[PDB]
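Here is the structure we will look at.
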Amino acid sequence: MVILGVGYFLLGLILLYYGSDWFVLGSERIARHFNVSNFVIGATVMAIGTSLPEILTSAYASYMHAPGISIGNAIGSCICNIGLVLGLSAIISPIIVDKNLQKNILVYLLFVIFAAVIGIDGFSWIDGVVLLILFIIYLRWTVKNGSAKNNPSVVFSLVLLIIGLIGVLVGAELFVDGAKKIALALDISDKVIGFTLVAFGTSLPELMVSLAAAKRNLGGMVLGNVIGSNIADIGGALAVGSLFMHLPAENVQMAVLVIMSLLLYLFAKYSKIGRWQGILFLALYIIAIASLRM
Ligand SMILES: CCCCCCCCCCCCCCC
Ligand SMILES: [Ca+2]
Ligand code: NA
Ligand code: NA
């Protein structure tokens with residue numbers, strides 16, 4: 001069952017490549033239809049849609065008595081979204097953040113700090129409930145501040161979005177599924193092959209989507225996708241995971257995330273998110289994946 005593993009692998013890449021573009025284009029059209037900014041549509045629809053793997057992963061893992069994976073996958077994705085995903089995107093298409101999206105990012109920072117503080121002694125199911133409620137509040141707050149027949153322009157837009165989303169979710173799965181089949185067929189299969197492959201596999205939707213939007217100079221959409229995903233990973237994935245079982249404290253990873261989130265805000269507020277800010281993000285992500293524990 002090799003080659004068919006290469007089959008799922010390459011095909012998943014193709015579905016990720018074109019699927020992300022369709023998702024970006026469809027989301028961009030939807031945003032203009034509902035008269036909202038690209039940030040808003042990225043922080044809500046796109047973010048939640050791409051964070052669906054994390055939510056299902058964290059829920060399933062915690063239910064299977066593996067709470068370490070649940071919180072590990074959740075936080076690792078957050079670090080990945082700022083370090084790798086935003087890092088690459090910022091370099092491709094530098095972002096100048098308007099004074100109104102700066103407020104949203106500051107709110108994001110507060111949310112992260114709050115999660116880190118209450119997570120010091122781990123995350124209880126009550127911690128999850130609270131985070132999930134704030135998650136819900138953030139969404140409505142974001143949409144309001146960015147708001148205000150079978151129309152063929154609207155239908156085609158929704159088809160682009162949905163099919164594109166299916167493309168990146170199925171594609172990301174085929175990528176991981178093809179990679180597990182190859183490693184097994186080549187007898188090079190550990191168990192953090194493995195945990196590394198799936199945790200990064202859940203981040204593949206955000207990566208390809210944000211890179212697609214970055215290529216089209218949609219920096220607001222990219223920034224929304226990153227900020228929204230992180231909140232969806234904490235208020236959604238991590239929260240749901242804590243409902244099934246107490247999640248052990250990841251104080252080091254949370255600290256890294258808080259620092260990265262702090263850096264993201266300061267750059268957006270007093271400077272820009274461009275090449276050298278993107279380079280710094282990639283540097284920290286590389287240092288993170290080099291010295292953080294598996
Ligand atoms: C919409 C559902 C939100 C989450 C509700 C979670 C309830 C979790 C209960 C976990 C066990 C609590 C045992 C207490 C002794
Ligand atoms: Ca706690
Ligand atoms: Na994801
Ligand atoms: Na996401």
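Order determines the names: the first chain of the structure tokens is A, the second B, and so forth; residues in each chain are numbered 1 upward, and ligands are numbered 1 upward as they are shown.
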Contact table chain A vs ligand 2, cut-off 10 Å, shortest pair per residue, only C-alpha atoms and all ligand atoms, as a tab-separated table:
```
residue	atom	partner	partner_atom_place_in_ligand_line	distance
A:115	CA	ligand 2	1 (Ca)	8.7
A:116	CA	ligand 2	1 (Ca)	9.0
A:117	CA	ligand 2	1 (Ca)	7.9
A:118	CA	ligand 2	1 (Ca)	4.5
A:119	CA	ligand 2	1 (Ca)	4.5
A:120	CA	ligand 2	1 (Ca)	6.1
A:121	CA	ligand 2	1 (Ca)	4.7
A:122	CA	ligand 2	1 (Ca)	4.5
A:123	CA	ligand 2	1 (Ca)	4.3
A:124	CA	ligand 2	1 (Ca)	5.4
A:125	CA	ligand 2	1 (Ca)	8.8
A:126	CA	ligand 2	1 (Ca)	8.2
A:127	CA	ligand 2	1 (Ca)	6.0
A:128	CA	ligand 2	1 (Ca)	9.1
A:242	CA	ligand 2	1 (Ca)	9.9
A:246	CA	ligand 2	1 (Ca)	8.7
A:247	CA	ligand 2	1 (Ca)	8.7
A:248	CA	ligand 2	1 (Ca)	9.0
A:249	CA	ligand 2	1 (Ca)	8.2
```
How close does region 35-150 of chain A get to region 158-173 of chain A? List, as a tab-separated table, each residue of region 35-150 of chain A within 8 Å, its nearest atom pair and the distance in Å to one decimal, counting only C-alpha atoms.
```
residue	atom	partner	partner_atom	distance
A:49	CA	A:165	CA	7.1
A:50	CA	A:169	CA	7.4
A:53	CA	A:169	CA	7.8
```
May I have the residues from that selection written out with N, CA, C and O atoms, as a short mmCIF file (atom, residue, chain, number, x, y, z; two decimals), in the first residue's frame?
```
data_model
loop_
_atom_site.label_atom_id
_atom_site.label_comp_id
_atom_site.auth_asym_id
_atom_site.auth_seq_id
_atom_site.Cartn_x
_atom_site.Cartn_y
_atom_site.Cartn_z
N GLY A 49 -14.03 27.53 9.93
CA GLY A 49 -14.00 26.49 8.92
C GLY A 49 -12.68 25.75 8.85
O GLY A 49 -12.65 24.53 8.67
N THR A 50 -11.58 26.48 9.01
CA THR A 50 -10.25 25.86 8.96
C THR A 50 -9.84 25.28 10.31
O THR A 50 -8.93 24.46 10.37
N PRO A 53 -10.70 20.91 11.97
CA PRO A 53 -9.85 19.78 12.37
C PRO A 53 -9.38 19.83 13.82
O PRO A 53 -9.40 18.80 14.50
#
```
Using only C-alpha atoms and all ligand atoms, tabulate the residues of chain A lying at most 12 Å from any atom of ligand 3, each with its closest atom pair and that distance in Å to one decimal, by chain and increasing residue number, as a Markdown table.
```
| residue | atom | partner | partner_atom_place_in_ligand_line | distance |
| --- | --- | --- | --- | --- |
| A:46 | CA | ligand 3 | 1 (Na) | 9.9 |
| A:47 | CA | ligand 3 | 1 (Na) | 7.8 |
| A:48 | CA | ligand 3 | 1 (Na) | 8.2 |
| A:49 | CA | ligand 3 | 1 (Na) | 7.9 |
| A:50 | CA | ligand 3 | 1 (Na) | 4.5 |
| A:51 | CA | ligand 3 | 1 (Na) | 3.7 |
| A:52 | CA | ligand 3 | 1 (Na) | 6.2 |
| A:53 | CA | ligand 3 | 1 (Na) | 5.6 |
| A:54 | CA | ligand 3 | 1 (Na) | 5.5 |
| A:55 | CA | ligand 3 | 1 (Na) | 8.4 |
| A:56 | CA | ligand 3 | 1 (Na) | 10.1 |
| A:57 | CA | ligand 3 | 1 (Na) | 10.0 |
| A:58 | CA | ligand 3 | 1 (Na) | 11.3 |
| A:73 | CA | ligand 3 | 1 (Na) | 9.8 |
| A:74 | CA | ligand 3 | 1 (Na) | 9.1 |
| A:75 | CA | ligand 3 | 1 (Na) | 11.3 |
| A:76 | CA | ligand 3 | 1 (Na) | 10.6 |
| A:77 | CA | ligand 3 | 1 (Na) | 7.1 |
| A:78 | CA | ligand 3 | 1 (Na) | 9.2 |
| A:79 | CA | ligand 3 | 1 (Na) | 11.8 |
| A:80 | CA | ligand 3 | 1 (Na) | 9.9 |
| A:81 | CA | ligand 3 | 1 (Na) | 8.9 |
| A:85 | CA | ligand 3 | 1 (Na) | 11.0 |
| A:165 | CA | ligand 3 | 1 (Na) | 11.4 |
| A:168 | CA | ligand 3 | 1 (Na) | 10.0 |
| A:169 | CA | ligand 3 | 1 (Na) | 8.9 |
| A:172 | CA | ligand 3 | 1 (Na) | 9.5 |
| A:173 | CA | ligand 3 | 1 (Na) | 11.3 |
| A:198 | CA | ligand 3 | 1 (Na) | 10.4 |
| A:199 | CA | ligand 3 | 1 (Na) | 8.8 |
| A:200 | CA | ligand 3 | 1 (Na) | 8.6 |
| A:201 | CA | ligand 3 | 1 (Na) | 7.8 |
| A:202 | CA | ligand 3 | 1 (Na) | 4.4 |
| A:203 | CA | ligand 3 | 1 (Na) | 4.2 |
| A:204 | CA | ligand 3 | 1 (Na) | 6.5 |
| A:205 | CA | ligand 3 | 1 (Na) | 5.4 |
| A:206 | CA | ligand 3 | 1 (Na) | 5.5 |
| A:207 | CA | ligand 3 | 1 (Na) | 8.4 |
| A:208 | CA | ligand 3 | 1 (Na) | 10.4 |
| A:209 | CA | ligand 3 | 1 (Na) | 10.2 |
| A:210 | CA | ligand 3 | 1 (Na) | 11.3 |
| A:225 | CA | ligand 3 | 1 (Na) | 10.0 |
| A:226 | CA | ligand 3 | 1 (Na) | 9.9 |
| A:228 | CA | ligand 3 | 1 (Na) | 10.6 |
| A:229 | CA | ligand 3 | 1 (Na) | 7.0 |
| A:230 | CA | ligand 3 | 1 (Na) | 9.1 |
| A:231 | CA | ligand 3 | 1 (Na) | 11.4 |
| A:232 | CA | ligand 3 | 1 (Na) | 9.1 |
| A:233 | CA | ligand 3 | 1 (Na) | 8.0 |
| A:234 | CA | ligand 3 | 1 (Na) | 11.7 |
| A:236 | CA | ligand 3 | 1 (Na) | 11.4 |
| A:237 | CA | ligand 3 | 1 (Na) | 9.8 |
```
Using only C-alpha atoms, the best pick from A:273, A:71, A:136, A:240 as closest to residue 92 (chain A) would be A:273
Distance limit 6 Å, reference ligand 1, atoms considered: only C-alpha atoms and all ligand atoms. Which residues make the cut? Give them as JSON, numbers by chain. {"A": [125, 129, 243, 244]}
